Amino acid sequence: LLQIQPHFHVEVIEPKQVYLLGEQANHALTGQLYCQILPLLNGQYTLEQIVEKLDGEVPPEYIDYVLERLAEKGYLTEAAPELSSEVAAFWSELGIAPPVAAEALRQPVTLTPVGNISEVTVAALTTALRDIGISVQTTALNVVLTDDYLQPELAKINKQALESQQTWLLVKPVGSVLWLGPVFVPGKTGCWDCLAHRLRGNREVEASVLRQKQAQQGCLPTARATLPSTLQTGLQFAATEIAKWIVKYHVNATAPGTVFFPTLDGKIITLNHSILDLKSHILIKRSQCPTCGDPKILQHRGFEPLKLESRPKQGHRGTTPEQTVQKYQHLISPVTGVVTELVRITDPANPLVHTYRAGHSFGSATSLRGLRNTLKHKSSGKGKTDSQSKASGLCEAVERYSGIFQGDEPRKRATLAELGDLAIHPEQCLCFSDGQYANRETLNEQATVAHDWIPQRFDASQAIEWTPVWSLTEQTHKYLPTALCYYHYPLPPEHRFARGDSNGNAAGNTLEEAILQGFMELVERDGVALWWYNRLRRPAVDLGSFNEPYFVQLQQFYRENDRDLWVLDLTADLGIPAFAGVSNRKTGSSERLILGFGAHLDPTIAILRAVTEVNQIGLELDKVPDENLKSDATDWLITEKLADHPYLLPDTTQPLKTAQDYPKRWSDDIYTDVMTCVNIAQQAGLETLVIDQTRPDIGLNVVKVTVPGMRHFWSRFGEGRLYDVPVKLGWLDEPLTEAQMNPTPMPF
């Protein structure tokens, strides 16, 4: 018996039209014949028992032509006496014929509770499945019910799924947030461990609580908030997705392709019952997954040479910030992602100030103190425009993640002796003075600033892990200790010789884009170090001399917001443009001295980076009262004054720096720019080293550039450039002593 698609409502509008009105699509048929024949295409008539009721009005030959034309256009379908009128309309609406669906749902399923899921809950899901024509065997699909996605029993299920090639679905229907999915398809989707790697990083407080717990000698039960309605909502919701998967699976095993409606394969759906929000989270299959992939990928890549190539430019990056955001948006997810969120912190009405918050990163905390020290350090976006600030925030968040030690990084155990000339002593990079090391504990105990932490002396007699790094200058591999190359590398309590920092770390759309930025960050910090700790008087910059209105407009904005803004030149022996933005509050309780830095071959971009960093740090803080200030730079912001720090304001003894004071040395190619920088460094006696931190499951390129000898802008007073460069440039006639270096640490 013949019928038009059961999900269509039929309304005849007589002379030439009949409309097919659906909930998600509407169609229109034109022709008087349609008006005559369609009313009898409701399922209540045969090709036989039709002609008997309209012959003498429409020939059998005309009917066939119409009942053929509706076929190869897709309006005709068969019935299935097995399905209700309602169910059949559901599958036809997805573009699946009723009888096939009935055949698909015939396929059985298995349910497996894990964790604390009761059998009454299992029985409820069974009932939900019955009701839609799906039986449970006591398979094509295994359904696992959990109270938490990090339940250790899932690791075993996952390994068995992989060896058995069993496709399975995860669901958490208890708690105030429903988790639904993914459907794992071995050799196609990621595995549970691909997911678990993300979850473990995104559960920082839970992770540290467990550490704190174990130290006192897999997950904790937080799924406590459940209504019988939210439970039923999740089970019933899952039954629908189970049916959709089975039906899609049944048809594609036959006509692969051809069925395109979305399923939970490679996706996790979260439905927050408390606040009412539904989000879709994409699971990335990690090629370096130790369970379903090859964990040796980063090891192998690290010991092979670095291959750079031409990168034409199209503000000297090779792609738009809109595009970078677009292809890496999927990383934004507290569940499957690496970036917790990406929020515009500043007022959209303001066209000059754009700062984003990109919140979440993780570590290693074993105490409440360190746990709130983590969680406090947020990734932030910086920009002249909203789009650039967005990309900045997103990419920094992925930058910080990629630098975190996972345990698969390229490494080999050795002493400094048995590596010889290839190995770089950590002291060449850290540059702490002998006096600082000697008075470690006393000095560290006296804090105003945590990042000034003095590590234990490196003990060359100890075997350590060394990471291979590519030298762009000498075109061969060198070695840094792994502890310097990545964040949160675990060291023995009695050989804590380093804490991996972020200086020279950078993300980019390509490797050479990232390397260029990383290098410039090093010149920036080195420039600040020379200026800050020698307390040099520097010339200001005439911001009107650059063909960039933004600078002086921003100055005017600061002016209207109780502030002065000025920029100092920090350009040193490498000759690369580098600057410090400085601003003080004119009224209020405190001066709130704030600083921002930038360096770039293009001085306009360098200044722009500096001034937008001032926006990033200081302006949101002017919002919050002195008493409410919990920022790391609190004491500085409240108590310190411009009068007691003359090296902050411009030297009126020197002329204003202008655009013409900065020679152009950038090209049309980012690769060339990188090779220009490395040679500049080489002429200054410095070696440029790169470690590629790019993670395959992330994609966005991340590196750490290291130039041993170049100074960090933290309080590190070992011999070297900090003392010598200012004299080489004539800024000082004789070097300062260690005891003459700025006793006030750079607080940002």
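Numbers for residues come from their place in the sequence shown, where the first is 1.
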item	value
Residues of the deposited sequence that sit between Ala255 and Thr254 yet are not modelled	none
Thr139 preceded by how many uncoordinated deposited residues after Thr138	4 to 9
Between 52 to 60 and 702 to 710 (mean CA B-factor, as deposited), the higher	52 to 60
Mean Cα B-factor comparison, 219 to 227 or 485 to 493, giving the higher one as deposited	219 to 227
Selection from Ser310, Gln436, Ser502, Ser361 [criterion: highest C-alpha temperature factor in the record]	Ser361
Most elevated Cα B-factor in the entry, residues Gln616, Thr467, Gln314, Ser333	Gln314
CA B-factor ranking of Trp179, expressed as a third of its chain	lowest
Third of chain Cα B-factors occupied by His645	lowest
Within-chain third of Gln693 by Cα B-factor, per the entry	lowest
Where the record places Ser387 (Cα B-factor, split into thirds across the chain)	middle
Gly190 by Cα B-factor - lowest, middle or highest third of the modelled chain	middle
